[PDB]
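Beneath this line is the structure, given in structure tokens, with notes to follow.
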Amino acid sequence: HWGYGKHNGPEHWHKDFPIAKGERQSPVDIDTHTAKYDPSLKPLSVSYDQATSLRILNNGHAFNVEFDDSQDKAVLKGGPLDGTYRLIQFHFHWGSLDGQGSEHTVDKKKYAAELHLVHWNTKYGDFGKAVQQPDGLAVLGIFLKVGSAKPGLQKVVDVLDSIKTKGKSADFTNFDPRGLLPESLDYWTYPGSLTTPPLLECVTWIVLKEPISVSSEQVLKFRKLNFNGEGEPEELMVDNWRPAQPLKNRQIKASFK
Ligand SMILES: Cc1cc(C)n(C(=O)CCNc2ccc(S(N)(=O)=O)cc2)n1
Ligand SMILES: [Zn+2]
């Protein structure tokens, strides 16, 4: 099965998922000089005040913080989006070292990690139908750099020892994802894909320019997670990021000058 190893990593995915070599794959490098400011882009509207987290899961590739998406609660709208998108889960991608881990890059700069807040377009009724549509998902991407701790991340960090290995989950209620948001909502946007199999070309990417800082200790705890299941040889969950993919016939737009 696919993963983040030397024999099943990103360069192999196209054999089972040949959309891997498609026209709108993610992530990409954001060349900041050639992204154009688009004055028609709107401010991003992030409304997380009623978000209801339920559970955190080690799925063997990352951990997902899952949300109850059965009511109109935690929604993303505005920005480049038409309509409204409901938060279903967030997760991260990170490195074995501070100098790598992000999926998107900025003028080739790799950040230590990247947070993905995943939302589905309500007009398609559920996530599984949304991923079949070219405007089905909106993923809010936020870079992480190592410096001062992020207080709003610590609750996630401290539950990780309970979900060390693949297939483990833990209750995770009352987590407020507003505590993971940078001060500024300036962003870049482009049409792309899921960054893990099935690599479906269903995402409007919204990547914030301002990173959040987390401490070394916080990322170090991400790096103690395991890709393996309990009772199997330990494989640390590190370097769970896909490299930048060809931009092809796409424009990256900036919300800001
Ligand atoms: C029920 C159902 C049906 C499909 C195709 N699912 C996923 O694709 C699961 C993977 N979802 C996913 C993958 C990558 C990303 S990312 N890394 O591009 O944000 C976000 C969500 N789930
Ligand atoms: Zn992701």
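Just follow the structure's listing: the first ligand is 1, and inside any ligand the first atom is 1. Quick note: numbers below take in every heavy atom, side chains included, and nothing from hydrogens, waters or symmetry partners. By convention here, the first residue in the shown sequence is residue 1.
Contact annotation for atom 21 (C) of ligand 1: protein present (non-hydrogen atoms, distance under 4.0 Å).
Atoms of ligand 1 lying under 4.0 Å from at least one heavy atom of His93, given by number and element, are 17 (N). Within the listing of ligand 1, atoms 21 (C) sit less than 4.0 angstrom from a heavy atom of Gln89. Close contacts of ligand 1 with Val131, meaning ligand atoms under 4.0 Å from a residue heavy atom, involve 5 (C).
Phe172 carries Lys155 over the face of its six-membered ring, with the cationic atom under 6.0 Å from the centre and within 45° of the normal.
Remark: at the Zn ion (ligand 2), atom ND1 from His116 and atom NE2 from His93 enclose 100°, rounded to the nearest 10 degrees.
Of all protein heavy atoms, the one closest to atom 13 (C) of ligand 1 is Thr196 OG1, 3.3 Å. From the protein, the heavy atom lying nearest to atom 8 (O) of ligand 1 is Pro198 CD, 3.4 Å. Scanning the protein heavy atoms around atom 12 (C) of ligand 1, the nearest turns out to be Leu194 CD2, 4.0 Å. Nearest protein heavy-atom contact of atom 7 (C) of ligand 1 is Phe127 CE2, 4.0 Å.
Under 4.0 angstrom from ligand 1, there are no non-hydrogen atoms of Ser26. Of the heavy atoms in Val118, only side-chain atoms (C-beta onward) come closer than 4.0 Å to ligand 1. The backbone and the side chain of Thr195 each have at least one atom closer than 4.0 Å to an atom of ligand 1 (non-hydrogen atoms only).
In this structure, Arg250 contributes its side chain and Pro191 its backbone to a donor-acceptor pair below 3.5 Å. At least one donor-acceptor pair under 3.5 Å links the side chain of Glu210 to the backbone N or O of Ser184.
Sorting the N, O or S atoms of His91 by how far they are from the Zn ion (ligand 2) puts NE2 first.
Note on ring orientation: taking the six-membered ring where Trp is involved, the planes of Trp13 and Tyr4 are perpendicular (angle over 60°, cut-offs 30° and 60°). Ring pair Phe67/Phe90 is tilted by interplanar angle, where 30° to 60° counts as tilted.
Looking at heavy atoms from C-beta onward, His116 lies in side-chain contact with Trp205 at the 4.5 angstrom threshold.
Under a 4.0 angstrom heavy-atom cut-off, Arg242 registers as lying outside contact with ligand 1.
Side-chain contact, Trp120 with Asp69: a donor N or O sits under 3.5 Å from an acceptor N or O.
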Between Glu103 and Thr195, does the side-chain hydrogen bond (donor to acceptor under 3.5 Å, both in side chains) criterion hold? Intermediate values first, please. CA-CA 8 Å; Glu103 297 208 305; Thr195 71; 2.6 Å; yes
Going through the distances and angles, do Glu23 and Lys248 end up as a salt bridge (charged side-chain N to carboxylate O under 4.0 Å, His left out)? CA-CA 6 Å; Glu23 301 302 307; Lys248 301 201 155 147; 3.7 Å; yes
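Polar contact check, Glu103 against ligand 1: no nitrogen or oxygen pair lies under 3.5 Å apart. Polar contact check, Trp205 against ligand 1: no nitrogen or oxygen pair lies under 3.5 Å apart.
Within the 6.0 Å centre-distance limit, the rings of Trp188 and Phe256 are counted as a close aromatic pair.
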